[PDB]
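Okay, here we've got a single chain as structure tokens, the form deposited in one PDB entry, with questions on binding and movement later.
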């Protein structure tokens, strides 16, 4: 297994394209996105991104960039969870996530 930061961005659904381009520009190998309801009926349409990154620094770069650009004007939260990747074509590399020395 390969350690990973699971970066989660939940924000207003209109920022989808802007945030995807920030993720693409970061070096992250990919991302998962989904529609969600958020309260912060009072529920509104949100989007949640989940981005597994190899380093804490890459996660922080993405978080920082989204927040500095958008979080004055739009509701959102960004957090990280620890994760381990077991299988992942691009995340772990050709030798997979359980490489030996």
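Residues that one form lacks are left out of the comparison. Rigid core here is just the name for the largest C-alpha set that superposes within 1.5 Å across the two forms. Numbering follows the first chain given and starts at 1.
> Please check residue 42 against the other PDB entries of this protein that were compared: is it missing in at least a third of those that model both its neighbours?
That residue is missing from at least a third of the other compared entries.
> Mind giving me a quick count class for deposited residues absent from the model between residue 30 and residue 31? Options are none, 1 to 3, 4 to 9, 10 or more.
Gap size class: none, per the record.
> Using only the Cα atoms and their B-factors as the entry lists them, report which of 76 to 84 and 89 to 97 averages higher.
Stretch with the greater average CA B-factor: 89 to 97.
> Quick one: classify residue 38 as lowest, middle or highest third of the chain based on its Cα B-factor.
Its C-alpha B-factor belongs to the middle third of this chain's values.
> By the record's CA B-factor, is residue 1 among the lowest, middle or highest third of residues in the chain?
According to the entry, residue 1 has a C-alpha B-factor in the chain's highest third.
> Could you say whether, by C-alpha temperature factor, residue 46 belongs to the lowest, middle or highest third of its chain?
Ranked within chain, residue 46 CA B lands in the lowest tercile.
> Which third of the chain holds residue 61 when residues are ordered by C-alpha B factor: lowest, middle or highest?
Middle third, going by the recorded CA B-factors of the chain.
One more form of this protein, deposited in another entry, exists but is not displayed; see below.
> Core aligned, which of 77, 20, 14, 83 has the Cα that shifts 2 angstroms or more between this form and the one not shown?
Shifted by 2 Å or more: 83 only.
> Given a rigid core superposition, which stretches of at least 3 residues have all Cα atoms displaced by 2 Å or more between this form and the one not shown?
Core-superposed, just one run shifting 2 Å or more comes out: 81 to 97.
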